[PDB]
Structures are given as C-alpha cells and as structure tokens.
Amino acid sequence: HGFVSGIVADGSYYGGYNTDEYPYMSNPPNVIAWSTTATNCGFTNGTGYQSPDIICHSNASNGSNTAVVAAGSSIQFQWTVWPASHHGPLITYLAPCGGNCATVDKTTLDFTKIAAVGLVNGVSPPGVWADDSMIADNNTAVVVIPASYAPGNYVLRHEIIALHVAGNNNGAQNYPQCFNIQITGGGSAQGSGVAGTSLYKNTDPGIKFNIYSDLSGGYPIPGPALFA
C-alpha cells in the first residue's frame, strides 16, 4: 500500500507524515500532515467507521504546521505507490478548525466533500477508476480548492477507498490522510459539514459494492454530498 509522502499546495512542496520513518522517532519533526500509527501501511475498514480512527487514520494526532493556500489553487497529493488491484474512488474534504488546526479536537471536525472521483470506465470489470488515473499521473491526486471558499484554517482530508474486497461487509479499505491548510481568498462560501464518524456506514451502496460484476449501473460515490 501507499501513504501520502508530501503535497504541492499552491505551488509549494510540503513534506508529509512519513509513516515508515517518523513513528520510530521519539521526537518526530513538525509537518502540516497529521501523525498516525499506520506503520503497516494499513487502512480503516467498516469495523472502524464509527471509531475516531476514520477521521485522519489510526490514532491520528494533529499536525503542528499549517500550509497557506490561496482559494482557487490546486493541491497535489503524492502517494508513495498504489497497487493496481486496489481500484476505488478518491475523495477530498475540508473541515474548519475554528482556530489553530494544530490544537483542534479531530472528533469535532465537520467535513465538507470538495472533490470526488469514482468509476471512470466500467466496460470491463473491475474497471478503470480515479485511483488508476492517479497511478498514471506519477501516483499523484489533484484537487482544486474552490475559489469561493471562505478563508480560514481547515483540515484537508484526502482519501482513497480501495474496493477490491468491498463486496464483503467491512471489506472496503479507507486510506485517509490529513493536512492542515489556511485558505486565503475573497469568497465566503462554506459547506455544511459531516462528522468524520458519520461519513460512511458499512451498509452504504458505495461501500458494500462488487467491482467484479456488471458495472453498467455505475458507482455511487459514498459520503456526504459534493459542495456546490
């Protein structure tokens, strides 16, 4: 599996939380990325959709730094690697920190879906998905912060849901990665957010989904509605 090793945010590179290195330090470095204990490169499945682990991954603790990002600009998430079998959507959220993102209680965050891509070509199951486009693009996912989004501090929660086992109850594998950003801009728009532990249920149609059977009915991307 992969994790996000860094991001390019409004033109500038920020190193992420190197989960294969930083957990083995008594004094890990400051980063905009949240720490996790997911040293096995693992995931949170449906057994943890109501655990705080779903918010920013296993045992996640606040990143200490925050990246300044102009509204309307692009963020690129650099994943270390991604397996071809792990087809699924890429979903990205913003939750206001109401203060410094370095100290917000992650369980109080209310996430707004700002980007989501799912099934691209279902003609030949298991199909071609957003993560396959990410793989082709140097293992990099891309999102646009809405130009109209209200300035302030936000947790940016970027996630792949791998669906290779998702026909099973609790089979979908969620890979959330969180980063602190401060948006600047001239807009005032903000979505109505959803608590991390309310984003997904193991019975949801976009969670318990068989990618190996006929895909002509499409894929309903899970989670709350996309910000408009």
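One rule holds for the numbers: they count along the sequence shown, beginning at 1.
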item	value
Residue stretch of maximal mean CA temperature factor, 167 to 175 vs 24 to 32	24 to 32
Stretch with the greater mean C-alpha B-factor as recorded in the entry, comparing 82 to 90 against 121 to 129	121 to 129
Candidate set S74, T140, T112, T108 [ranked by C-alpha B-factor, highest]	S74
Out of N202, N180, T184, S198, residue topping the C-alpha B-factor column of the entry	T184
CA B-factor placement of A162, once the chain's modelled residues are sorted into thirds	lowest
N210 - Cα temperature factor, lowest/middle/highest third of chain	lowest
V144 CA temperature factor, ranked by third within the chain	highest
CA B-factor placement of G63, once the chain's modelled residues are sorted into thirds	middle
CA B-factor ranking of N40, expressed as a third of its chain	highest
